[PDB]
Protein chains: 4
Amino acid sequence: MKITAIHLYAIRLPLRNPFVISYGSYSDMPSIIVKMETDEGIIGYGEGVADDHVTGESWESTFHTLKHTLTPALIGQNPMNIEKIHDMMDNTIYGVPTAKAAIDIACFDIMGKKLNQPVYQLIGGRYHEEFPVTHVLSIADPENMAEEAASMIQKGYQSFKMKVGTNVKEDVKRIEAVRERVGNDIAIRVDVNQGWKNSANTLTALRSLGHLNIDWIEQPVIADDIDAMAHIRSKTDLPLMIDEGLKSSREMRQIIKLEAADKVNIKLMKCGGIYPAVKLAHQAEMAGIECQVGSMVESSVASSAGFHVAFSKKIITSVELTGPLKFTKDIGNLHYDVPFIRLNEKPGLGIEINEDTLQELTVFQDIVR
Amino acid sequence: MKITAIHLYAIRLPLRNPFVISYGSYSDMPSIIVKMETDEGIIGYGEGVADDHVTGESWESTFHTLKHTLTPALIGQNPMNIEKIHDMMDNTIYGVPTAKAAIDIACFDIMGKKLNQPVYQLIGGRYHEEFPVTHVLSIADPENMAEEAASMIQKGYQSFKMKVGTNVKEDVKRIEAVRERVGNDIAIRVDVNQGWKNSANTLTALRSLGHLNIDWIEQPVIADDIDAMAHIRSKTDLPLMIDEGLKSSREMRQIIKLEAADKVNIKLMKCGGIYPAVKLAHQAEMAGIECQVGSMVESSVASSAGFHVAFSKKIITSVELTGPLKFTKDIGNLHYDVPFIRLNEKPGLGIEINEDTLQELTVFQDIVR
Amino acid sequence: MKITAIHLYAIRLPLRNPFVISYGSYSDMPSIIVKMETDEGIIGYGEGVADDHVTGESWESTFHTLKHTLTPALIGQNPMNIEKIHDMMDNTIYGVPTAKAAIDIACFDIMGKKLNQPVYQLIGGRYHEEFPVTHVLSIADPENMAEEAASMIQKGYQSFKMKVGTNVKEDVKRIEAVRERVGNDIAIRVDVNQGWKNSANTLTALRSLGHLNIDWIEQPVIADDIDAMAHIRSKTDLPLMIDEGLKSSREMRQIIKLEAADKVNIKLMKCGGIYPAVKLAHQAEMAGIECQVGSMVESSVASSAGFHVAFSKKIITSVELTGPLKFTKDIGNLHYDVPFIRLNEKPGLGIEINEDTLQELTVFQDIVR
Amino acid sequence: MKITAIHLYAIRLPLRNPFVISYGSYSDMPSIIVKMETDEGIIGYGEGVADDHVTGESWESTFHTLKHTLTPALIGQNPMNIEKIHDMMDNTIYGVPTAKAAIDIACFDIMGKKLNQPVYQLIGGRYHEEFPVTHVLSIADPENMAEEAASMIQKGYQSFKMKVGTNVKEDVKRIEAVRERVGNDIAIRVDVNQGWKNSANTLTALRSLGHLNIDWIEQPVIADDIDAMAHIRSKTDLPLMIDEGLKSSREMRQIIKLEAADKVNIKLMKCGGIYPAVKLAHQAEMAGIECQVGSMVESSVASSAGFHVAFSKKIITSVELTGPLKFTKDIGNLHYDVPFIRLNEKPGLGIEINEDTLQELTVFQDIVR
Ligand SMILES: N=C(N)NCCC[C@H](NC(=O)CCC(=O)O)C(=O)O
Ligand SMILES: N=C(N)NCCC[C@H](NC(=O)CCC(=O)O)C(=O)O
Ligand SMILES: N=C(N)NCCC[C@H](NC(=O)CCC(=O)O)C(=O)O
Ligand SMILES: N=C(N)NCCC[C@H](NC(=O)CCC(=O)O)C(=O)O
Ligand SMILES: [Mg+2]
Ligand SMILES: [Mg+2]
Ligand SMILES: [Mg+2]
Ligand SMILES: [Mg+2]
């Protein structure tokens with residue numbers, strides 16, 4: 001089996017509602033789709049949703065890094081030799097996890113189809129039967145956030161993720177409002193997306209959150225400040241999760257060494273795909289750090305890849321991949337059972353790509369042979 | 001696919017020559033073979049060679065732990081759900097890595113045969129094309145050790161592993177003798193198997209080894225003393241490898257935290273098989289610790305499993321599985337190309353089991369259904 | 001004095017009521033009894049109750065490790081040369097503390113009978129006059145646990161050990177229920193048996209236990225995570241006890257180095273018997289760590305051995321050996337004075353073995369000469 | 001069994017030759033002998049040789065501490081309840097290890113006689129068969145030291161302990177002279193008795209000792225400076241032993257925590273006797289610290305007690321009790337087999353006290369009832 005050609009599609013996934021977080025607002029999500037072809041006729045799909053603010057990659061830079069830098073050396077290689085492919089990509093260029101993920105995912109999709117097995121079956125097998133789905137509430141006035149929450153509860157949701165990160169006073173008001181609205185049995189986690197900046201502001205905020213039964217506080221300080229996370233952890237009993245501060249094994253090593261967190265948000269776009277995501281899971285397990293597989297809000301393609309990793313590992317206890325539930329159009333057909341997610345047994349990523357939808361969402365494309 | 005029955009065979013692999021190390025001498029190697037059957041008719045083989053001195057497991061205790069404790073709960077399970085199977089075994093009993101490895105290996109052999117792929121292809125794919133083979137010199141008079149080395153050089157060997165660990169003075173004499181005999185181009189590594197006990201004796205010995213061009217010193221102190229390894233590492237420039245001191249992720253975490261070694265000897269019998277061996281490799285990689293896949297001197301079955309792990313990972317740079325080259329009888333047919341080892345592309349472990357030889361070496365057996 | 005033969009008995013001690021803890025439920029307790037004979041006609045009894053989940057030993061594996069690995073080399077040795085016997089067993093096989101304890105206990109019983117002195121008199125003499133007895137409440141609905149507690153109070157008990165470890169919410173409810181029922185003068189300690197897994201869940205739970213006057217929280221996290229215990233200890237003022245996390249001196253060294261606990265639960269089955277239990281006590285004393293001698297729920301034989309250690313050391317301030325109070329049949333006759341335990345002055349373990357009961361509970365046996 | 005009376009004898013043991021060390025010179029050794037009587041007629045002997053410079057105890061202060069402070073509360077107690085007796089002495093007065101040792105030794109002598117067993121048989125049993133005896137060379141001109149060494153070699157000695165500690169230049173000259181004289185096969189260890197004061201002077205001295213094959217350097221810096229020992233250990237590969245810096249478990253804890261030494265010199269006079277010496281051995285074993293049982297140069301009584309401890313523990317690898325070989329008169333009859341020491345099987349300390357010699361060496365005495 002050899003890679004014969006790689007199609008690159010620069011698309012834009014339209015959102016039903018604006019997605020608003022501490023460092024940015026989104027009306028749609030630019031994504032790069034990879035269509036990997038092989039001499040045996042097997043086709044694999046991969047995806048890369050770049051978050052400029054997190055990995056230093058953009059929609060346009062990812063397309064070109066894939067076209068000119070990463071894909072050319074891949075023609076002729078066997079998609080199943082994943083360790084080798086990742087080594088080749090790493091020796092070619094440092095970082096660019098999102099671009100690498102796009103390739104990595106397509107390879108696993110092909111491997112699954114070739115062996116007629118779901119991807120999760122190839123990276124450890126089925127461990128989880130299902131995961132609850134958590135609805136993400138975009139930043140807004142405390143009353144609006146509480147209102148959408150009540151509205152989603154009627155839809156079956158029992159777990160919410162509150163986006164905050166503008167001003168401590170306001171963020172606290174937002175969290176208080178939602179909790180009062182949904183009662184105390186509804187699960188709530190808070191994501192600051194680096195909004196509180198440092199330990200001082202964070203600890204001040206945490207003082208007012210002790211009685212709100214918050215499952216965990218996600219990335220309250222700037223990504224690079226692992227020291228601050230450790231300091232905060234030494235002075236609070238609320239569980240702490242690192243997201244932007246964790247990308248590759250480089251940060252995991254530091255998080256483990258400094259005991260900087262209770263949980264980490266692993267994302268295929270931050271580490272380079274399925275294979276490296278799995279390595280991160282194994283590393284976290286060693287230190288007893290609870291893991292979650294989150295996302296940049298992606299199509300059914302990357303979302304599916306994320307679930308396949310999550311379902312195969314005991315250390316991964318929660319998932320956050322709801323892109324297919326937020327977009328008005330999707331190139332894939334990943335099935336959800338809100339308030340739950342369960343994976344079928346279809347080979348590879350277990351999804352079908354609607355090529356008519358793909359072309360429709362395509363702004364520009366190319367092929368590398 | 002479901003496990004329908006597990007055959008257990010208590011055998012003894014005869015050695016051509018006595019194997020002599022610091023804490024024991026061996027005339028043959030007791031081993032437990034696992035024959036895993038499935039509803040689909042696929043058969044998988046696993047093996048467990050217990051080293052009492054390292055994991056607290058014996059030939060007889062492993063047979064019974066497998067028969068009464070581990071195998072019963074496995075009937076009905078899918079061999080491909082490896083993460084799940086390992087979780088079930090761990091929730092059933094703590095430790096007993098050798099017994100768990102026997103099961104783990106058979107599952108991968110089945111998975112490989114089922115998907116018609118070599119095991120290495122399922123855990124990362126092919127990375128290495130070959131590995132040089134290192135001949136192990138049993139403890140003996142310096143002149144005898146030097147003599148066997150010269151004799152093996154004529155056989156094509158270019159890398160040797162010296163077993164020492166009786167008395168510092170004598171061990172140094174042994175190492176000096178061999179080096180003088182083989183010249184300075186021949187690779188030599190030294191394994192003390194805990195013989196020097198502590199940092200004081202070790203450092204005294206290292207003073208006399210600086211000019212002998214030794215690749216690395218393996219486990220000079222007692223297994224449990226990780227602190228001593230770190231102390232020694234802080235006062236020497238000779239590479240240090242931990243073997244007995246490393247079993248599972250528990251020790252890896254400590255080795256990483258205390259910066260206790262440059263290299264680690266990963267063995268399927270110490271961690272519970274292929275799956276956990278891979279997790280250890282990923283953990284070592286995070287800390288930039290070079291890995292080796294060694295062995296307890298096993299048949300073609302476990303030896304093959306060890307190579308499949310080694311060939312799939314960039315972090316594993318050397319291998320030490322020569323049981324098939326030391327035994328006068330073997331139940332498997334793993335092919336070697338001394339001074340090198342290369343893996344074929346046959347499915348599963350890629351070996352055929354001679355059942356006539358298996359029965360011939362069997363002392364007692366049983367079946368669990 | 002020389003060991004002439006060792007009888008091994010694989011028995012099962014029937015429980016009056018099911019014993020239920022976080023990682024398992026028990027209807028009876030499998031045990032291995034050792035009958036050590038000497039050339040002088042003195043007979044000693046030892047016992048090994050294996051907990052698979054804690055030491056990696058099973059009922060069947062212990063019987064065989066004793067039969068094939070440990071006992072053969074003991075024939076001819078003097079039972080009183082305990083340091084030597086332990087060294088011989090350790091050089092023969094690593095770990096297997098339960099199997100080693102079985103031998104160790106029989107040797108002390110013989111030593112006591114030979115010198116016509118209680119065992120405690122041989123390891124430091126009498127220090128304690130008595131110890132209060134704590135009743136262990138198996139996991140159950142908060143109402144059932146509170147009910148049994150009230151019922152046992154009527155029986156004279158004034159100290160209780162609550163077994164929990166399913167779900168933080170539920171565990172807290174269980175603890176609140178019992179405390180409300182028994183009032184605030186009754187002593188209560190909580191054992192999670194690793195149920196809360198990590199520091200995050202543990203600290204969340206501890207928030208709700210501050211006003212319940214709990215003497216100490218025992219092993220809230222997984223055994224191997226000593227780091228987590230230290231972290232928890234740095235953020236709470238409730239006393240912390242390590243149980244499963246402590247087996248031999250290897251863990252004690254780490255517990256002391258990381259200041260991971262206030263108290264430790266020493267058990268003969270985890271360290272290899274009386275002699276090593278004493279060494280652990282001496283080690284704990286150096287660091288000012290309070291000690292307790294607990295148990296796996298054993299017959300009068302091992303239970304007695306445990307008390308003899310406890311009564312001879314000032315650092316051991318509490319005991320947890322109630323197997324004889326839980327079984328419907330016992331091969332020994334250890335006398336209790338609920339709510340207290342006091343040791344008589346009879347030689348050796350100070351108990352008589354009813355051989356008719358022994359044979360009755362025996363499933364299989366053998367003799368090594 | 002109860003203590004009915006304690007005789008105290010203030011004696012002086014005459015030396016054949018002056019004993020000269022870094023901080024003092026001795027023509028004879030003042031010692032306090034204890035004769036413990038019991039209601040059962042069993043008599044036990046103990047001894048306390050005080051070194052003012054090490055424990056803050058003198059010949060006269062020890063006699064009176066025993067007479068007025070320690071012995072009165074002991075009348076009526078059972079000598080075999082050693083843990084209790086030590087607790088009573090510790091609650092009565094802090095420190096004074098030498099006075100406490102005198103009592104402790106007599107109790108064990110009685111326990112041994114009562115049970116008709118050697119003391120070593122009561123604290124672990126026989127482990128060692130023999131120990132080589134090391135001759136101690138008092139400080140003197142390099143030529144005189146080398147001369148006595150050659151003279152003692154003719155007497156069968158093969159191991160020497162060089163006393164130095166005046167001036168680095170001179171000490172180095174002394175060590176060079178002896179080594180040149182005896183050749184390189186003779187074992188030599190160096191004891192500075194705090195003479196080099198700090199790490200700077202010590203490290204300067206060590207530069208010139210690297211090629212002299214010295215087994216270890218004993219206490220080069222002032223006793224209280226454990227930090228200095230750790231610093232020196234971090235910059236040298238010569239084994240380091242702490243003597244004066246180690247008295248009780250308080251220092252052991254610190255030595256272990258700071259990794260300040262490779263070996264420690266345990267002495268009954270520094271820790272309070274046999275029982276606490278054993279606890280120190282157990283503590284050292286945990287950290288893998290090699291132990292030696294040294295002495296203040298005592299009569300056959302304390303010397304015997306020291307050997308009984310040494311012979312019962314694997315962690316104790318060398319002994320330094322040669323008082324009986326240095327005195328012209330001794331109240332005891334401990335048998336030596338230079339160049340070796342072996343213990344007989346006589347009960348208790350296994351020695352007979354010549355009361356005529358005792359009275360002859362007595363300057364003043366008293367009895368407490
Ligand atoms: N810049 C882009 N394109 N995306 C950023 C997403 C933020 C990310 N995901 C979320 O918050 C929702 C994940 C989900 O449910 O799919 C975070 O955890 O912070
Ligand atoms: N007790 C038993 N059965 N085996 C012990 C083997 C020792 C091990 N292997 C070796 O030295 C040789 C590995 C090889 O070449 O297969 C070690 O590295 O120390
Ligand atoms: N698996 C077996 N067979 N036993 C496990 C006992 C648990 C142990 N003992 C107890 O909880 C009661 C101790 C007593 O009272 O004897 C613990 O402390 O966790
Ligand atoms: N002040 C008095 N009374 N004695 C001091 C003896 C010094 C001690 N012993 C010795 O050097 C010789 C031990 C012997 O061989 O018994 C030391 O190790 O430094
Ligand atoms: Mg986030
Ligand atoms: Mg090795
Ligand atoms: Mg417990
Ligand atoms: Mg000294």
# chains A, B, ... in the order shown; residues from 1 in each chain; ligands from 1
$ residues_around --residues "residue 144 in chain D" --least-positions-apart "4" --cutoff "12 Å" --atoms "only C-alpha atoms" --output "MDAnalysis selection string"
chainID D and resid 137:140 148:151 162 173:175 177:178 181
$ select_by_dssp --residues "range 128-323 of chain B" --states "strand (DSSP E)" --output "VMD selection string"
chain B and resid 131 to 132 135 to 137 159 to 163 187 to 191 217 to 218 240 to 242 263 to 266 290 to 293 316 to 319
$ write_last_selection --atoms "N, CA and C atoms" --output "short mmCIF file (atom, residue, chain, number, x, y, z; two decimals), in the first residue's frame"
data_model
loop_
_atom_site.label_atom_id
_atom_site.label_comp_id
_atom_site.auth_asym_id
_atom_site.auth_seq_id
_atom_site.Cartn_x
_atom_site.Cartn_y
_atom_site.Cartn_z
N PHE B 131 18.50 -4.67 13.49
CA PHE B 131 19.19 -4.34 14.73
C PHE B 131 20.40 -5.27 14.83
N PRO B 132 21.52 -4.78 15.35
CA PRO B 132 22.66 -5.70 15.46
C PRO B 132 22.34 -6.61 16.65
N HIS B 135 26.01 -10.55 21.69
CA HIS B 135 26.22 -11.82 22.36
C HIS B 135 26.45 -11.61 23.86
N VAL B 136 25.77 -12.40 24.68
CA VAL B 136 25.91 -12.27 26.12
C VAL B 136 26.91 -13.28 26.66
N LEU B 137 27.95 -12.76 27.32
CA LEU B 137 29.01 -13.57 27.92
C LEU B 137 28.70 -13.81 29.39
N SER B 159 29.30 -7.05 18.83
CA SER B 159 28.82 -6.40 20.04
C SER B 159 28.65 -7.45 21.14
N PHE B 160 29.20 -7.15 22.31
CA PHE B 160 29.15 -8.06 23.44
C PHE B 160 28.60 -7.44 24.72
N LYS B 161 27.95 -8.26 25.53
CA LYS B 161 27.41 -7.83 26.81
C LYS B 161 28.08 -8.70 27.87
N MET B 162 28.92 -8.07 28.69
CA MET B 162 29.64 -8.78 29.73
C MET B 162 28.86 -8.88 31.04
N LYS B 163 28.66 -10.11 31.50
CA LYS B 163 27.99 -10.34 32.76
C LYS B 163 29.07 -10.34 33.84
N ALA B 187 32.21 -3.44 20.22
CA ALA B 187 31.33 -2.82 21.20
C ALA B 187 31.18 -3.71 22.43
N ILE B 188 31.29 -3.11 23.61
CA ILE B 188 31.15 -3.84 24.86
C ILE B 188 30.29 -3.07 25.85
N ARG B 189 29.32 -3.75 26.45
CA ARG B 189 28.48 -3.12 27.47
C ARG B 189 28.61 -4.05 28.67
N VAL B 190 28.44 -3.52 29.88
CA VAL B 190 28.59 -4.33 31.09
C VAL B 190 27.32 -4.39 31.94
N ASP B 191 26.92 -5.60 32.32
CA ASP B 191 25.73 -5.79 33.14
C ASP B 191 26.13 -6.40 34.48
N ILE B 217 26.93 0.91 31.57
CA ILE B 217 26.96 0.04 32.73
C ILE B 217 25.50 -0.19 33.09
N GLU B 218 25.10 -1.45 33.15
CA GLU B 218 23.73 -1.80 33.43
C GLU B 218 23.50 -2.25 34.88
N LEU B 240 24.52 5.17 31.98
CA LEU B 240 23.95 4.23 32.93
C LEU B 240 22.58 3.71 32.49
N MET B 241 22.40 2.39 32.58
CA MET B 241 21.14 1.76 32.23
C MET B 241 20.52 1.09 33.45
N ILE B 242 19.22 1.25 33.62
CA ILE B 242 18.50 0.61 34.71
C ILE B 242 17.73 -0.57 34.11
N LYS B 263 19.60 5.28 30.02
CA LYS B 263 18.91 4.26 29.25
C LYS B 263 18.16 3.33 30.19
N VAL B 264 17.13 2.67 29.66
CA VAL B 264 16.36 1.73 30.46
C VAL B 264 16.15 0.46 29.64
N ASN B 265 16.12 -0.67 30.33
CA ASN B 265 15.93 -1.95 29.69
C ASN B 265 14.47 -2.35 29.89
N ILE B 266 13.68 -2.21 28.84
CA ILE B 266 12.27 -2.57 28.88
C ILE B 266 12.14 -4.05 28.52
N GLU B 290 16.79 6.91 26.37
CA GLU B 290 16.99 5.90 25.35
C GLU B 290 16.49 4.54 25.86
N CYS B 291 15.81 3.79 25.00
CA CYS B 291 15.28 2.50 25.40
C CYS B 291 15.86 1.29 24.69
N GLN B 292 15.81 0.16 25.39
CA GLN B 292 16.26 -1.11 24.86
C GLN B 292 15.19 -2.13 25.24
N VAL B 293 14.97 -3.11 24.37
CA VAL B 293 14.03 -4.18 24.70
C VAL B 293 14.90 -5.40 24.96
N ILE B 316 13.52 3.10 20.77
CA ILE B 316 14.17 1.83 21.11
C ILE B 316 15.32 1.67 20.13
N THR B 317 16.54 1.82 20.63
CA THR B 317 17.74 1.77 19.79
C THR B 317 18.58 0.50 19.85
N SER B 318 18.25 -0.43 20.74
CA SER B 318 18.99 -1.68 20.82
C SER B 318 18.07 -2.77 21.35
N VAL B 319 18.41 -4.01 21.03
CA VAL B 319 17.61 -5.15 21.46
C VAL B 319 18.48 -6.24 22.08
#
$ residues_around --residues "range 4-15 of chain D" --least-positions-apart "3" --cutoff "6 Å" --atoms "only C-alpha atoms" --output "list in words"
residues 27, 28, 29, 30, 31, 32, 33, 34, 35, 36, 37, 38, 39, 75, 326, 327, 328, 361, 362, 363, 364, 365, 366, 367, 368 and 369 of chain D
$ closest_atom_pairs --of "chain B" --to "chain A" --cutoff "10 Å" --atoms "only C-alpha atoms" --output "JSON lines"
{"residue": "B:78", "atom": "CA", "partner": "A:125", "partner_atom": "CA", "distance": 9.2}
{"residue": "B:79", "atom": "CA", "partner": "A:125", "partner_atom": "CA", "distance": 9.1}
{"residue": "B:80", "atom": "CA", "partner": "A:125", "partner_atom": "CA", "distance": 6.0}
{"residue": "B:81", "atom": "CA", "partner": "A:125", "partner_atom": "CA", "distance": 4.1}
{"residue": "B:82", "atom": "CA", "partner": "A:124", "partner_atom": "CA", "distance": 5.4}
{"residue": "B:83", "atom": "CA", "partner": "A:124", "partner_atom": "CA", "distance": 5.0}
{"residue": "B:84", "atom": "CA", "partner": "A:127", "partner_atom": "CA", "distance": 5.4}
{"residue": "B:85", "atom": "CA", "partner": "A:127", "partner_atom": "CA", "distance": 9.2}
{"residue": "B:86", "atom": "CA", "partner": "A:124", "partner_atom": "CA", "distance": 10.0}
{"residue": "B:87", "atom": "CA", "partner": "A:314", "partner_atom": "CA", "distance": 8.2}
{"residue": "B:111", "atom": "CA", "partner": "A:122", "partner_atom": "CA", "distance": 9.6}
{"residue": "B:114", "atom": "CA", "partner": "A:115", "partner_atom": "CA", "distance": 9.2}
{"residue": "B:115", "atom": "CA", "partner": "A:115", "partner_atom": "CA", "distance": 5.8}
{"residue": "B:116", "atom": "CA", "partner": "A:115", "partner_atom": "CA", "distance": 8.3}
{"residue": "B:117", "atom": "CA", "partner": "A:115", "partner_atom": "CA", "distance": 8.8}
{"residue": "B:120", "atom": "CA", "partner": "A:81", "partner_atom": "CA", "distance": 9.4}
{"residue": "B:121", "atom": "CA", "partner": "A:81", "partner_atom": "CA", "distance": 6.9}
{"residue": "B:122", "atom": "CA", "partner": "A:122", "partner_atom": "CA", "distance": 6.9}
{"residue": "B:123", "atom": "CA", "partner": "A:123", "partner_atom": "CA", "distance": 7.7}
{"residue": "B:124", "atom": "CA", "partner": "A:83", "partner_atom": "CA", "distance": 5.0}
{"residue": "B:125", "atom": "CA", "partner": "A:81", "partner_atom": "CA", "distance": 4.1}
{"residue": "B:126", "atom": "CA", "partner": "A:81", "partner_atom": "CA", "distance": 5.7}
{"residue": "B:127", "atom": "CA", "partner": "A:84", "partner_atom": "CA", "distance": 5.4}
{"residue": "B:128", "atom": "CA", "partner": "A:84", "partner_atom": "CA", "distance": 9.0}
{"residue": "B:248", "atom": "CA", "partner": "A:286", "partner_atom": "CA", "distance": 9.3}
{"residue": "B:249", "atom": "CA", "partner": "A:286", "partner_atom": "CA", "distance": 5.7}
{"residue": "B:250", "atom": "CA", "partner": "A:286", "partner_atom": "CA", "distance": 7.1}
{"residue": "B:251", "atom": "CA", "partner": "A:286", "partner_atom": "CA", "distance": 9.6}
{"residue": "B:252", "atom": "CA", "partner": "A:286", "partner_atom": "CA", "distance": 8.0}
{"residue": "B:253", "atom": "CA", "partner": "A:286", "partner_atom": "CA", "distance": 6.4}
{"residue": "B:254", "atom": "CA", "partner": "A:287", "partner_atom": "CA", "distance": 9.9}
{"residue": "B:256", "atom": "CA", "partner": "A:257", "partner_atom": "CA", "distance": 9.0}
{"residue": "B:257", "atom": "CA", "partner": "A:257", "partner_atom": "CA", "distance": 7.0}
{"residue": "B:275", "atom": "CA", "partner": "A:124", "partner_atom": "CA", "distance": 8.1}
{"residue": "B:276", "atom": "CA", "partner": "A:282", "partner_atom": "CA", "distance": 9.4}
{"residue": "B:278", "atom": "CA", "partner": "A:282", "partner_atom": "CA", "distance": 9.0}
{"residue": "B:279", "atom": "CA", "partner": "A:282", "partner_atom": "CA", "distance": 5.6}
{"residue": "B:280", "atom": "CA", "partner": "A:282", "partner_atom": "CA", "distance": 8.1}
{"residue": "B:281", "atom": "CA", "partner": "A:279", "partner_atom": "CA", "distance": 9.2}
{"residue": "B:282", "atom": "CA", "partner": "A:279", "partner_atom": "CA", "distance": 5.6}
{"residue": "B:283", "atom": "CA", "partner": "A:283", "partner_atom": "CA", "distance": 5.2}
{"residue": "B:284", "atom": "CA", "partner": "A:283", "partner_atom": "CA", "distance": 8.9}
{"residue": "B:285", "atom": "CA", "partner": "A:249", "partner_atom": "CA", "distance": 8.7}
{"residue": "B:286", "atom": "CA", "partner": "A:249", "partner_atom": "CA", "distance": 5.7}
{"residue": "B:287", "atom": "CA", "partner": "A:253", "partner_atom": "CA", "distance": 6.9}
{"residue": "B:312", "atom": "CA", "partner": "A:83", "partner_atom": "CA", "distance": 7.0}
{"residue": "B:313", "atom": "CA", "partner": "A:83", "partner_atom": "CA", "distance": 6.9}
{"residue": "B:314", "atom": "CA", "partner": "A:83", "partner_atom": "CA", "distance": 7.7}
$ residues_near_ligand --ligand "ligand 4" --cutoff "8 Å" --atoms "only C-alpha atoms and all ligand atoms" --output "MDAnalysis selection string"
chainID D and resid 21 24 26 29:30 49:54 134:136 161 163 191 193 243:244 265 294:298 303 319:323
$ closest_residue --among "C:204, C:166, C:236, C:98" --to "ligand 3" --atoms "only C-alpha atoms and all ligand atoms"
C:98
